[PDB]
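Asker: structure07.txt (compact mmCIF, C-alpha atoms and all ligand atoms) pasted underneath:
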```
# COMPACT_ATOMS: atom_id res chain seq x y z
CA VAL J 3 -7.49 6.48 -75.20
CA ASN J 4 -7.34 4.92 -71.72
CA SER J 5 -5.22 2.28 -69.98
CA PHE J 6 -7.84 -0.49 -69.83
CA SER J 7 -6.42 -3.59 -71.53
CA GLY J 8 -7.79 -6.87 -72.82
CA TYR J 9 -11.50 -6.04 -72.84
CA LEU J 10 -14.02 -7.38 -75.33
CA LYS J 11 -16.11 -4.57 -76.84
CA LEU J 12 -19.83 -5.32 -76.54
CA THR J 13 -21.30 -1.99 -77.76
CA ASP J 14 -20.20 1.58 -78.46
CA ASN J 15 -19.35 2.16 -74.78
CA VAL J 16 -19.63 -1.16 -72.84
CA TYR J 17 -16.63 -3.50 -72.54
CA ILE J 18 -16.23 -6.75 -70.58
CA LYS J 19 -13.37 -8.87 -69.22
CA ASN J 20 -12.81 -11.94 -67.05
CA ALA J 21 -10.87 -10.31 -64.23
CA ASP J 22 -10.68 -9.78 -60.49
CA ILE J 23 -11.96 -6.23 -60.00
CA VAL J 24 -9.57 -5.76 -57.06
CA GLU J 25 -6.49 -6.60 -59.14
CA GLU J 26 -7.82 -4.54 -62.07
CA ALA J 27 -8.27 -1.43 -59.92
CA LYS J 28 -4.80 -1.84 -58.40
CA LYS J 29 -3.27 -1.97 -61.89
CA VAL J 30 -5.28 0.72 -63.69
CA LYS J 31 -5.99 3.09 -60.77
CA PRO J 32 -9.13 4.33 -62.56
CA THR J 33 -10.82 7.61 -61.82
CA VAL J 34 -13.88 5.66 -60.63
CA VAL J 35 -14.27 2.10 -59.35
CA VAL J 36 -17.84 0.98 -58.67
CA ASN J 37 -18.62 -0.97 -55.51
CA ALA J 38 -21.50 -3.46 -55.21
CA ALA J 39 -22.70 -1.72 -52.06
CA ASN J 40 -25.64 -2.17 -49.70
CA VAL J 41 -27.65 0.67 -48.17
CA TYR J 42 -25.70 0.38 -44.92
CA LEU J 43 -22.31 0.42 -46.69
CA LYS J 44 -21.40 -2.69 -44.68
CA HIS J 45 -18.76 -4.23 -46.91
CA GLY J 46 -18.82 -7.78 -45.61
CA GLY J 47 -18.59 -10.03 -48.65
CA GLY J 48 -18.82 -10.31 -52.40
CA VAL J 49 -17.34 -7.45 -54.40
CA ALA J 50 -17.70 -5.04 -51.48
CA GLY J 51 -15.95 -7.28 -48.97
CA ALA J 52 -13.05 -7.87 -51.35
CA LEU J 53 -12.56 -4.19 -52.25
CA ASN J 54 -12.71 -3.16 -48.60
CA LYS J 55 -10.13 -5.82 -47.69
CA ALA J 56 -7.79 -4.41 -50.34
CA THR J 57 -8.05 -0.97 -48.62
CA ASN J 58 -7.04 -2.50 -45.26
CA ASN J 59 -10.57 -1.64 -43.95
CA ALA J 60 -10.16 2.10 -44.70
CA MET J 61 -13.19 1.90 -46.99
CA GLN J 62 -15.30 0.56 -44.11
CA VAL J 63 -14.07 3.25 -41.68
CA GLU J 64 -14.92 6.00 -44.17
CA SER J 65 -18.27 4.36 -44.92
CA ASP J 66 -19.26 4.14 -41.25
CA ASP J 67 -18.69 7.89 -40.90
CA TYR J 68 -20.74 8.51 -44.04
CA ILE J 69 -23.70 6.51 -42.67
CA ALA J 70 -23.45 8.12 -39.23
CA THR J 71 -23.81 11.52 -40.91
CA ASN J 72 -26.23 10.79 -43.76
CA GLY J 73 -28.12 7.60 -42.96
CA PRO J 74 -28.55 4.68 -45.33
CA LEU J 75 -28.59 4.89 -49.09
CA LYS J 76 -31.67 4.04 -51.14
CA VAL J 77 -31.87 0.80 -53.11
CA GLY J 78 -31.03 2.03 -56.60
CA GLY J 79 -28.98 4.91 -55.17
CA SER J 80 -25.31 5.72 -54.79
CA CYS J 81 -22.71 7.89 -53.14
CA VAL J 82 -19.20 8.96 -54.13
CA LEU J 83 -16.47 8.27 -51.56
CA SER J 84 -12.71 7.88 -51.71
CA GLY J 85 -11.14 5.21 -53.88
CA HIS J 86 -8.33 4.86 -51.31
CA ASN J 87 -5.38 2.94 -52.83
CA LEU J 88 -7.56 1.48 -55.62
CA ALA J 89 -8.92 4.47 -57.57
CA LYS J 90 -9.43 8.19 -57.23
CA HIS J 91 -13.09 7.70 -56.26
CA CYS J 92 -15.35 4.80 -55.35
CA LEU J 93 -18.96 5.03 -56.55
CA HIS J 94 -20.91 2.89 -54.09
CA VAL J 95 -24.02 1.72 -55.98
CA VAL J 96 -26.87 -0.26 -54.41
CA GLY J 97 -28.44 -2.76 -56.76
CA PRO J 98 -31.40 -4.74 -55.45
CA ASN J 99 -30.56 -7.88 -53.48
CA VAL J 100 -32.94 -10.60 -54.68
CA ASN J 101 -32.08 -12.63 -51.57
CA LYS J 102 -33.70 -9.80 -49.57
CA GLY J 103 -36.82 -9.67 -51.76
CA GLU J 104 -35.89 -6.33 -53.32
CA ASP J 105 -37.51 -5.27 -56.59
CA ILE J 106 -35.37 -6.23 -59.57
CA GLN J 107 -36.84 -3.27 -61.49
CA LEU J 108 -34.58 -1.03 -59.38
CA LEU J 109 -31.57 -2.41 -61.26
CA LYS J 110 -32.07 0.14 -64.04
CA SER J 111 -32.12 2.97 -61.49
CA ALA J 112 -28.89 1.59 -60.01
CA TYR J 113 -27.12 1.60 -63.38
CA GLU J 114 -28.31 5.17 -64.09
CA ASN J 115 -25.83 6.33 -61.45
CA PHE J 116 -23.01 5.33 -63.81
CA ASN J 117 -24.08 8.06 -66.28
CA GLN J 118 -22.74 10.73 -63.90
CA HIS J 119 -19.17 9.55 -64.64
CA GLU J 120 -17.44 9.59 -68.02
CA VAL J 121 -15.45 6.35 -67.45
CA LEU J 122 -15.85 3.63 -64.81
CA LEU J 123 -14.57 0.21 -63.80
CA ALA J 124 -17.45 -1.84 -62.44
CA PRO J 125 -18.96 -5.24 -61.65
CA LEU J 126 -22.36 -6.43 -62.81
CA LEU J 127 -24.90 -4.96 -60.41
CA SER J 128 -27.01 -7.41 -58.39
CA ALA J 129 -24.91 -10.37 -59.59
CA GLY J 130 -23.06 -12.78 -57.31
CA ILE J 131 -24.40 -12.83 -53.75
CA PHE J 132 -27.08 -10.24 -54.61
CA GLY J 133 -28.90 -13.10 -56.32
CA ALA J 134 -29.91 -11.70 -59.71
CA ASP J 135 -29.19 -13.28 -63.10
CA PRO J 136 -25.85 -11.84 -64.32
CA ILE J 137 -27.02 -12.15 -67.93
CA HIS J 138 -30.00 -9.90 -67.19
CA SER J 139 -27.76 -7.45 -65.34
CA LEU J 140 -25.51 -7.16 -68.39
CA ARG J 141 -28.54 -6.43 -70.60
CA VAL J 142 -29.73 -3.66 -68.27
CA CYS J 143 -26.20 -2.24 -68.14
CA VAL J 144 -25.91 -2.07 -71.93
CA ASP J 145 -29.41 -0.58 -72.27
CA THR J 146 -28.95 2.02 -69.49
CA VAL J 147 -25.33 3.16 -69.24
CA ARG J 148 -24.26 5.67 -71.90
CA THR J 149 -20.85 6.53 -70.47
CA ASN J 150 -17.80 4.29 -70.92
CA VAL J 151 -17.99 1.25 -68.65
CA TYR J 152 -15.32 -1.43 -68.22
CA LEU J 153 -17.00 -4.48 -66.66
CA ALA J 154 -15.01 -7.07 -64.69
CA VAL J 155 -16.50 -10.56 -64.25
CA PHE J 156 -14.63 -12.65 -61.67
CA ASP J 157 -15.89 -16.10 -62.75
CA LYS J 158 -14.33 -17.31 -66.00
CA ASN J 159 -17.21 -19.70 -66.70
CA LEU J 160 -19.79 -16.94 -66.25
CA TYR J 161 -17.80 -14.56 -68.45
CA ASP J 162 -17.84 -17.00 -71.36
CA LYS J 163 -21.61 -17.42 -71.00
CA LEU J 164 -22.28 -13.66 -70.89
CA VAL J 165 -20.25 -13.20 -74.08
CA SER J 166 -21.66 -16.17 -75.98
CA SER J 167 -25.22 -15.24 -74.99
CA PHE J 168 -24.72 -11.52 -75.60
CA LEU J 169 -27.13 -10.20 -78.21
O1 LIG D 201 -16.93 -13.29 -60.43
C1 LIG D 201 -18.32 -13.15 -60.52
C2 LIG D 201 -18.53 -11.62 -60.39
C3 LIG D 201 -20.04 -11.27 -60.56
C4 LIG D 201 -20.82 -11.20 -59.30
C5 LIG D 201 -20.25 -11.00 -58.13
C6 LIG D 201 -18.79 -11.21 -57.90
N1 LIG D 201 -18.03 -11.03 -59.12
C7 LIG D 201 -16.79 -10.34 -59.11
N2 LIG D 201 -16.42 -9.76 -60.28
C8 LIG D 201 -15.25 -9.09 -60.33
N3 LIG D 201 -14.38 -8.92 -59.35
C9 LIG D 201 -14.75 -9.51 -58.18
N4 LIG D 201 -14.00 -9.48 -57.02
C10 LIG D 201 -14.71 -10.18 -56.04
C11 LIG D 201 -15.89 -10.65 -56.58
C12 LIG D 201 -15.95 -10.24 -57.96
```
Represent the supplied structure as C-alpha cells.

Answerer:
Amino acid sequence: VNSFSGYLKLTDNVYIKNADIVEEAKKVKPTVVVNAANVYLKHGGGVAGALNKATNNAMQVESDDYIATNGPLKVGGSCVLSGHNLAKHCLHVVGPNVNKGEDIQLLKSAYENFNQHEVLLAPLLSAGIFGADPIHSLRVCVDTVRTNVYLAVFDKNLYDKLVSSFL
C-alpha cells in the first residue's frame, strides 16, 4: 500500500491520473519523481522547467555541477539526483526529442531506466514539448516498465484520450 490517490489502473503495475506532476510530488513526497530531462540537464521548460521552478532553482544548480563533473547524459539514459523538496530522489530520464530529430526507438531504452526503482511518479516520456505522440509513449511505458509507475498527465483533454484509447 502506498499514498498515491485517485489513479486509474491500466495494468498490473501502471496507473494514470490527470494531475500536475509538481503538485502531486509536493503532496506525496515519493521516493522517486521522474524528470523529463535533456542530456544537458538544462531544465528550461516543460516538465523539467516546472519541477526546477518548484525547487527554487536548486535542481538546476545541482544539475550544472553534475554535468561539469560527468558530461552530458545519453539519449535514452538517466541519472539519479536529489529530489529536493519534491521527493527523496529525482530520476532524470532523457527521452528522444522529436523536434531535434532524435530516434523515437530510444523511447523504450528511456523507460527501461524506470525498472531500477520499485515505485515512481512520472510523466509520459517524450510527450509535450519533446514532440512525440503521448498515446505511443503510454504504450511503450506499459510494455517496458515492470515496476510500479504512477503517471501524471497535465492536460485533462489528453488524459481522457489516453484512457479511452488505451488497449
Ligand atoms: O500535461 C501534458 C503532460 C504531458 C507532456 C508534457 C507535459 N505534461 C505534464 N504532465 C504532468 N505534469 C506536468 N507539469 C508540467 C507539465 C506537465

Asker: Point out the residue among J:143, J:93, J:165, J:154 with the least atom-to-atom distance to residue J:43, counting all atoms listed in the file.

Answerer: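 Using all atoms listed in the file, residue J:43 sits closest to J:93.
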
Asker: Could you state the separation of atom CA of residue J:61 and atom CA of residue J:26 in Å, given to one decimal place?

Answerer: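 Going from atom CA of residue J:61 over to atom CA of residue J:26 covers 17.3 Å.
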
Asker: For residue J:74, which residue out of J:41, J:24, J:169, J:155 is the nearest one, using all atoms listed in the file?

Answerer: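 Answer, going by the shortest atom-to-atom distance: J:41.
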
Asker: Determine, using only C-alpha atoms and all ligand atoms, which residues of chain J have any atom at most 8 Å from an atom of ligand LIG 201 (chain D), and tabulate each with its shortest atom pair and distance in Å to one decimal place, rows ordered by chain and then rising number, as JSON lines.

Answerer:
```
{"residue": "J:20", "atom": "CA", "partner": "D:LIG201", "partner_atom": "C8", "distance": 7.7}
{"residue": "J:21", "atom": "CA", "partner": "D:LIG201", "partner_atom": "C8", "distance": 6.0}
{"residue": "J:22", "atom": "CA", "partner": "D:LIG201", "partner_atom": "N3", "distance": 4.0}
{"residue": "J:23", "atom": "CA", "partner": "D:LIG201", "partner_atom": "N3", "distance": 3.7}
{"residue": "J:24", "atom": "CA", "partner": "D:LIG201", "partner_atom": "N4", "distance": 5.8}
{"residue": "J:48", "atom": "CA", "partner": "D:LIG201", "partner_atom": "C11", "distance": 5.1}
{"residue": "J:49", "atom": "CA", "partner": "D:LIG201", "partner_atom": "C10", "distance": 4.1}
{"residue": "J:50", "atom": "CA", "partner": "D:LIG201", "partner_atom": "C10", "distance": 7.5}
{"residue": "J:51", "atom": "CA", "partner": "D:LIG201", "partner_atom": "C10", "distance": 7.7}
{"residue": "J:52", "atom": "CA", "partner": "D:LIG201", "partner_atom": "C10", "distance": 5.5}
{"residue": "J:53", "atom": "CA", "partner": "D:LIG201", "partner_atom": "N4", "distance": 7.3}
{"residue": "J:124", "atom": "CA", "partner": "D:LIG201", "partner_atom": "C8", "distance": 7.9}
{"residue": "J:125", "atom": "CA", "partner": "D:LIG201", "partner_atom": "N2", "distance": 5.4}
{"residue": "J:126", "atom": "CA", "partner": "D:LIG201", "partner_atom": "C3", "distance": 5.8}
{"residue": "J:127", "atom": "CA", "partner": "D:LIG201", "partner_atom": "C4", "distance": 7.5}
{"residue": "J:128", "atom": "CA", "partner": "D:LIG201", "partner_atom": "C4", "distance": 7.3}
{"residue": "J:129", "atom": "CA", "partner": "D:LIG201", "partner_atom": "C4", "distance": 4.2}
{"residue": "J:130", "atom": "CA", "partner": "D:LIG201", "partner_atom": "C4", "distance": 3.4}
{"residue": "J:131", "atom": "CA", "partner": "D:LIG201", "partner_atom": "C5", "distance": 6.3}
{"residue": "J:132", "atom": "CA", "partner": "D:LIG201", "partner_atom": "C5", "distance": 7.7}
{"residue": "J:136", "atom": "CA", "partner": "D:LIG201", "partner_atom": "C3", "distance": 6.9}
{"residue": "J:154", "atom": "CA", "partner": "D:LIG201", "partner_atom": "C8", "distance": 4.8}
{"residue": "J:155", "atom": "CA", "partner": "D:LIG201", "partner_atom": "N2", "distance": 4.1}
{"residue": "J:156", "atom": "CA", "partner": "D:LIG201", "partner_atom": "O1", "distance": 2.7}
{"residue": "J:157", "atom": "CA", "partner": "D:LIG201", "partner_atom": "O1", "distance": 3.8}
{"residue": "J:158", "atom": "CA", "partner": "D:LIG201", "partner_atom": "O1", "distance": 7.3}
{"residue": "J:160", "atom": "CA", "partner": "D:LIG201", "partner_atom": "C1", "distance": 7.0}
```

Asker: What is the atom CA of residue J:34-atom CA of residue J:98 distance in Å, reported with one decimal?

Answerer: 21.0 Å

Asker: Please check which residues have atoms at most 12 Å from (-18.4, 11.6, -45.2) in the file's coordinates, counting all atoms listed in the file, and write them as a PyMOL selection string.

Answerer: chain J and resi 43+61-73+81-84

Asker: For residue J:135, which residue among J:108, J:123, J:100, J:151 is the nearest when counting all atoms listed in the file?

Answerer: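 Of the candidates, the smallest distance to residue J:135 is held by J:100.
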
Asker: What does the distance from atom CA of residue J:111 to atom CA of residue J:145 come to in Å, to one decimal?

Answerer: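 Atom CA of residue J:145 lies at a distance of 11.7 Å from atom CA of residue J:111.
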
Asker: With distances taken over only C-alpha atoms, which of J:161, J:45, J:38, J:167 is nearest to residue J:18?

Answerer: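 Of J:161, J:45, J:38, J:167, the one nearest residue J:18 is J:161, counting only C-alpha atoms.
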
Asker: Which one of J:112, J:122, J:77, J:56 sits closest to residue J:25 if you count only C-alpha atoms?

Answerer: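 Ranking J:112, J:122, J:77, J:56 by distance to residue J:25, first place goes to J:56.
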
Asker: Using all atoms listed in the file for the distances, tell me which of J:119, J:102, J:19, J:148 is nearest to residue J:134.

Answerer: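 Checking each of J:119, J:102, J:19, J:148 against residue J:134, counting all atoms listed in the file, the winner is J:102.
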